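Data block below; observations after.
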RNA sequence: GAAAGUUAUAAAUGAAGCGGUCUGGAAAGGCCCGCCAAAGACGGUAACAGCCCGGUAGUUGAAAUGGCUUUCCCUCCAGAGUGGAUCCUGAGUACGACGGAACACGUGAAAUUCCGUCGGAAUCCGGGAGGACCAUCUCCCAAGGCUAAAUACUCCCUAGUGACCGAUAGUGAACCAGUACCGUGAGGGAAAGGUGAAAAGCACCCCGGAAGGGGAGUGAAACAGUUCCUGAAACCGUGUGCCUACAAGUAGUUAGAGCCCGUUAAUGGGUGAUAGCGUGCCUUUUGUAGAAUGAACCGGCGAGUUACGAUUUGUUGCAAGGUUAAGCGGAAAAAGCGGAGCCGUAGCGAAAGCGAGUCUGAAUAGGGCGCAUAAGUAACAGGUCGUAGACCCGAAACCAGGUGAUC
RNA sequence: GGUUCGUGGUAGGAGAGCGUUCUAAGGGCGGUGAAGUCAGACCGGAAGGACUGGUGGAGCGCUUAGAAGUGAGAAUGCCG
Ligand SMILES: [Mg+2]
Ligand SMILES: [Mg+2]
Ligand SMILES: [Mg+2]
Ligand SMILES: [Mg+2]
Ligand SMILES: [Mg+2]
Ligand SMILES: [Mg+2]
Ligand SMILES: [Mg+2]
Ligand SMILES: [Mg+2]
Ligand SMILES: [Mg+2]
Ligand SMILES: [Mg+2]
Ligand SMILES: [Mg+2]
Ligand SMILES: [Mg+2]
Ligand SMILES: [Mg+2]
Ligand SMILES: [Mg+2]
Ligand SMILES: [Mg+2]
Ligand SMILES: [Mg+2]
Ligand SMILES: [Mg+2]
Ligand SMILES: [Mg+2]
Ligand SMILES: [Mg+2]
Ligand SMILES: [Mg+2]
Ligand SMILES: [Mg+2]
Ligand SMILES: [Mg+2]
Ligand SMILES: [Mg+2]
Ligand SMILES: [Mg+2]
Ligand SMILES: [Mg+2]
Ligand SMILES: [Mg+2]
Ligand SMILES: [Mg+2]
Ligand SMILES: [Mg+2]
Ligand SMILES: [Mg+2]
Ligand SMILES: [Mg+2]
Ligand SMILES: [Mg+2]
Ligand SMILES: [Mg+2]
Ligand SMILES: [Mg+2]
Ligand SMILES: [Mg+2]
Ligand SMILES: [Mg+2]
Ligand SMILES: [Mg+2]
Ligand SMILES: [Mg+2]
Ligand SMILES: [Mg+2]
Ligand SMILES: [Mg+2]
Ligand SMILES: [Mg+2]
Ligand SMILES: [Mg+2]
Ligand SMILES: [Mg+2]
Ligand SMILES: [Mg+2]
Ligand SMILES: [Mg+2]
Ligand SMILES: [Mg+2]
Ligand SMILES: [Mg+2]
Ligand SMILES: [Mg+2]
Ligand SMILES: [Mg+2]
Ligand SMILES: [Mg+2]
Ligand SMILES: [Mg+2]
Ligand SMILES: [Mg+2]
Ligand SMILES: [Mg+2]
Ligand SMILES: [Mg+2]
Ligand SMILES: [Mg+2]
Ligand SMILES: [Mg+2]
Ligand SMILES: [Mg+2]
Ligand SMILES: [Mg+2]
Ligand SMILES: [Mg+2]
Ligand SMILES: [Mg+2]
Ligand SMILES: [Mg+2]
Ligand SMILES: [Mg+2]
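Residue numbers (the UniProt record's numbering), protein chains in the order written: chain S, 2 to 65; chain D, 2 to 146; chain V, 2 to 119; chain P, 3 to 206.
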């Protein structure tokens, strides 16, 4: 049978035009009185999956 | 010549068989090491497992939604349209007639990458602002279908 | 297609028992005991090609020594004189002269004795 | 290009074959690949063995796990038992596979143009027999020097050509649209009528 | 219910070499000559047969019974338009509340279908659906029933096929096999093929109660004689060339006299008084001669495979393009047809959307991702991964249907 | 074909090969004796391959490719 796509990763990962994976920062839910404005202003941006993590999660999102 | 068949060199290789003696380097343990979870038959962990540490996908948030009414257009640039003859009435039927456009998903949109020299009369559903301007600079005429 | 293991296992095993010919008891009859006796014999023969060169030089040296002491010399003084004078004969042939042609061994011992005296 | 012969074995003029079909440079690497695929698509693959779950018996543990002094065992149909099941073995399976359609066309042209460089192709005015007669086919087959295995390609001909050559051992007759790389390569010479040459060039 | 045709269930006919010669127990084999073929499939015959036998291709054949097709007989039958007063169009039903289930959909914003219990419509000026719901529009008439083919399987019968097995294999069972045997019972469940072409299976004599032998005879062979083709290793013996009763040994290896032989003929073979060196194999370990583990010995059997997907490398074809799937066709072929679909050729954004740019932002700022700075695709082979028992053997335990108070 | 530098090795990576069963084509030997089995003082760098002789009494190699039920000394392994 054709292998299945990780549905929990397809809801929060995104493929760029060079094959890389793009994500969002993960410390922005509810404790905004404990983080400075410099932190908050930079955690609302996006980031890239590092090389170490990419090698472990290639096959989970192969078909988008 | 059925007795002198010679396949192309490098196109075929002999497979590797493990567990067939210690003179080949893949003997006793067959390339597996010594006494772990990965040395057992059917052993191994999930694709994204990290041994109890929270997986990467579970410490970043989800984002967005999917639009049901999403429109995706078939894209043709200016360079491809230069293959026509002067004065030709360029039509989406003509685009699929030649086979340059395989499927018109929701329509045809002309973008402005490249250059156009022929004076054409193109028709489609959508035009980019630069593409429409460029065609009008060569004595063209764009009418939106 | 099925490949039954015939005619190949016996040919290889019998070739080892033949090499164990002359061994005591089951070491020349049974494969497992004869297999590890053949490997050991190869290991003993490998390093005995190294000691065979050591064993003979000790025999030549202890034999040139005996003949040199009959000329009021030791082996060490004889060897120093020969190298000092320039004679380049090795131990295998100096021992040959000491047994078969003792007359010429005294000729070489005279050259060694003179070189040690200027 | 080629001298044209009659059924009686006499010269009857000359015929020119298409240079894009019978005159290309053969691609030997392509022909080998198509031959291998065409041989591998001919085998049935009807073979099977019984696992440890298909041999009758088993289930009951042969003896107590501890205390008896024997080795631990779980079934009498285990792979290492005398009547036990096979571990992996064969299984029913298909072997057929097919190359891209353009590669298959280039292999037919190459094998059919190599038979011209080797002077092993015989163009013929027309082959027909009033009644099936295996004796007459042998007499025909010696008027033209072959003396070995051959492939007879006839388009119009008749039904008497196949009947009168069926009993011969190294002779095979095909109706000019069944031509294939394996059949052409399996034989030495290639006798083809003029009408069959026209149909072959039409396809490719 | 008849007739005609076809088919299944027994069958008939059917070409061509006693060809010569050699070896041989025996010719189908070697050498030298002929012939048949719509028949050179298969099997047998004293070794390998197109021309010796049964047959094969082709052509014929059915009293009787079953099947199929057609026709006859037989049986049964109203279908068009115009009006629309008035009447009919499936009731404890559709729905709703409560509790469950099926829907890919776990009560969720939950449409749709079904079950149990309560409440409970309209009926053509009517009713339902279009994923809560309302209005418009579009499509359609629930609460009655029937329906062939395209699809799934093989205890069976006929004809065949296999880069399937060949007696520890292949069905548990090639042999009087679900038998012998084991259990109160449900139930579990084996081992065991081969004389020879032909029994021509040893008349007769001798030892012996017999068994069993030695001759004679049959046979190509009896060292093929009733587990009988071939007959390995462990294991048990008889004869003999060299050594051995003052010696401390993982049994060998290196040096070596003496004695005895004579080869795939070459700085050859067997045995060895004496001298030097030398604590088995595997596994598991920081580390094993290990007083840690496994193996009495010999033989056979016994462990990374396959299908479908992902990714990378190699090879081949075409190349801004590459390629068909199911299917039709056919010989369990090869073409041909089939462009539906898939990957690539453009990205950015949650999305509307814009587009070689786009998003964030008040910004023409800066920055992120892209283009500039373009090679993909189809098929096969190698490595690795995913779903499958997935590398082989091994639990104590859990659940479901049954059999047991002859102890 | 030369010059220089190298060539201990466990887990492990890479490469080249030997041998077994079956298939296809070419070419072969065999009752003047096939496979198997027994012995030998031969050949190759290894896995391995010939030759001669005894037994046996009917099948079997070689070359180039292809496909695997592919090679055992150990599992208190199964059977004899
Ligand atoms: Mg928030
Ligand atoms: Mg390899
Ligand atoms: Mg190694
Ligand atoms: Mg091992
Ligand atoms: Mg281990
Ligand atoms: Mg490990
Ligand atoms: Mg076999
Ligand atoms: Mg074996
Ligand atoms: Mg000895
Ligand atoms: Mg079972
Ligand atoms: Mg059970
Ligand atoms: Mg079995
Ligand atoms: Mg007859
Ligand atoms: Mg006849
Ligand atoms: Mg004779
Ligand atoms: Mg004859
Ligand atoms: Mg035959
Ligand atoms: Mg015979
Ligand atoms: Mg026979
Ligand atoms: Mg409810
Ligand atoms: Mg209800
Ligand atoms: Mg309504
Ligand atoms: Mg809908
Ligand atoms: Mg709606
Ligand atoms: Mg119904
Ligand atoms: Mg059996
Ligand atoms: Mg047998
Ligand atoms: Mg009983
Ligand atoms: Mg008798
Ligand atoms: Mg008697
Ligand atoms: Mg007798
Ligand atoms: Mg006789
Ligand atoms: Mg026989
Ligand atoms: Mg016997
Ligand atoms: Mg014996
Ligand atoms: Mg003493
Ligand atoms: Mg003594
Ligand atoms: Mg001591
Ligand atoms: Mg000693
Ligand atoms: Mg010792
Ligand atoms: Mg162990
Ligand atoms: Mg320890
Ligand atoms: Mg232990
Ligand atoms: Mg023990
Ligand atoms: Mg043992
Ligand atoms: Mg694996
Ligand atoms: Mg390519
Ligand atoms: Mg069909
Ligand atoms: Mg077919
Ligand atoms: Mg997107
Ligand atoms: Mg920018
Ligand atoms: Mg904004
Ligand atoms: Mg009871
Ligand atoms: Mg090394
Ligand atoms: Mg070194
Ligand atoms: Mg490797
Ligand atoms: Mg064989
Ligand atoms: Mg022999
Ligand atoms: Mg095996
Ligand atoms: Mg081993
Ligand atoms: Mg054993």
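Note that beta-carbon positions come from the ideal geometry of N, C-alpha and C, so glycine has one too.
| Check | Outcome |
| --- | --- |
| Helix, strand or coil at residue 13(P) [DSSP, three-state] | strand |
| Short Cβ contact (8 angstroms threshold) for residue 54(P) with residue 86(P) | yes |
| Cutoff 8 angstroms: residue 31(P) Cβ touching any chain D Cβ | yes |
| Chain D contact for residue 118(P) (CB, 8 angstroms cutoff) | no |
| Check: residue 77(P) C-beta below 7 angstroms from any heavy atom of ligand 10 | no |
| With 16 other Cβ atoms within 10 Å as the buried cut-off, status of residue 24(S) | buried |
| Residue from 7(P), 188(P), 76(P) and 148(P) with nearest C-alpha to residue 59(P) | 76(P) |
| Option in 52(P), 22(P), 5(P) and 139(P) with minimal Cα separation from residue 93(P) | 52(P) |
| The region 146-163 of chain P in contact with the region 189-200 of chain P per 3-pair CB rule at 8 angstroms | yes |
| Residue 37(D) versus residue 30(D) - alpha carbon distance | 12 angstroms |
| Simplified DSSP state of residue 6(P), which is helix, strand or coil | strand |
| Check: residue 55(P) C-beta below 7 angstroms from any heavy atom of ligand 10 | yes |
| Interface positions of the region 119-149 of chain P facing chain D (Cβ-Cβ less than 7 angstroms), listed along the chain | none |
| Own chain partners of residue 27(V) with C-beta closer than 6 angstroms, once the 5 adjacent residues on each side are dropped | 34 |
| Chain S within 8 angstroms of residue 112(D), Cβ atoms only | no |
| Cα-Cα separation between residue 140(D) and residue 117(D), rounded to whole angstroms | 11 angstroms |
| Cα-Cα separation, residue 35(S) to residue 54(S) | 28 angstroms |
| is_contact[residue 48(D), chain P] using C-beta, thresh 8 angstroms | no |
| Every unbroken beta strand (DSSP E) inside the region 13-60 of chain S [3 residues or more] | 22-25 and 47-49 |
| Span separating the alpha-carbon of residue 144(D) from that of residue 93(D) | 12 angstroms |
| Residue range of the unbroken beta strand (DSSP E) whose run includes residue 157(P) | Premise fails: residue 157(P) is in no beta strand (DSSP E) and is neither H nor E. |
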